[PDB]
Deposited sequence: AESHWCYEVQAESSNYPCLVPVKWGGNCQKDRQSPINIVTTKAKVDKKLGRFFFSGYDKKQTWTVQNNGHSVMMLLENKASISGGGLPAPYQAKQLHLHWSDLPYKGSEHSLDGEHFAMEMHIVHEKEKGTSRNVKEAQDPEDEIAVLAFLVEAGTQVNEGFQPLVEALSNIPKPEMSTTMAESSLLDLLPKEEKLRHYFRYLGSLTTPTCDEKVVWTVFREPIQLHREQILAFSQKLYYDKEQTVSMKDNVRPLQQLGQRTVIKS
């Protein structure tokens, strides 16, 4: 650890040295890493991957949201959970965050058939374990975001909050909203891809069971641009927050499955 981990854009936009992704420490150099490209036609249908059950997702809350220096993060604090989805237990929701760029064809961490989307949103959950860490301790639900002309009203509380947290270490409270406000219609979340991998920022622990839903969130171009326009990586506000994206990792001998 010769310097703090960063994304490539930060290294390229500032003279202050930092460890770019290919140099990350932790478990970040192991072989069951994320994100990946998904060849959709090569992922086999597994019949055990049934629908999700979301709890606390429809409930209107006033969430705390913060700039942690690499993303914007909603604190979910077990106020929501999931089950089904071929998952082996209920998982409690801890936090939601995003990765993005400022061009529509990049911004997502995962790619589907070699296409990146404009953002990727991650909802991070923790396994409810029995008595005797595992490869599926954490369940991250990934939603791809497609750029368009449709104003997503569901996202407005979040997007408005961004102006209040431009620098790292800053928190604000969002206007009343639910998690379902931010997602596609529930009936469109029956199609998803599933594989085992890692966390995409250090320490990149190989303990994530990934879900990438097929159906994108639609967000207006300028609601997407609001992220890079209002947020910074640093207190000095020299680097606008964008391209907070880990490059693609090799699948190796892992298999990807779908519903």
property	result
Deposited positions lacking CA coordinates	133-139
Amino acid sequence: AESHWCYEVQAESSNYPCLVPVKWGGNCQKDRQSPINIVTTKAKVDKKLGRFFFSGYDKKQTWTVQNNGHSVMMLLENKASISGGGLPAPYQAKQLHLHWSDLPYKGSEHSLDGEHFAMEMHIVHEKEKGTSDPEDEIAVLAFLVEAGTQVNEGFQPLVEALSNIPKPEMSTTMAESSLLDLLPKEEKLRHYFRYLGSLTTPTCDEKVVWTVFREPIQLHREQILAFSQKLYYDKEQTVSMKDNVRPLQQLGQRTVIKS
From here on, numbers count along this sequence of modelled residues.
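We call the rigid core the largest set of C-alpha positions that still match within 1.5 Å between the two forms.
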property	result
Of 230-238 and 192-200, which departs more from this form in 8 other deposited structures of this protein by CA RMS after core fitting	230-238
RMS Cα shift after core superposition in 8 other deposited structures of this protein, winner of 5-13 and 245-253	5-13
Across other compared entries, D133 missing in at least a third	yes
Out of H220, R32, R194, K48, residue topping the C-alpha B-factor column of the entry	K48
Residue selected from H125, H110, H99, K185 by maximal Cα B factor	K185
Chain thirds of CA B-factor: placement of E135	highest
Modelled-residue ranking by C-alpha temperature factor, third containing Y232	lowest
Relative C-alpha B-factor of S71, binned into the chain's lowest, middle or highest third	lowest
Among modelled residues of the same chain, the CA temperature factor third for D181	highest
Assigned third (lowest, middle, highest) for the C-alpha B factor of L248	lowest
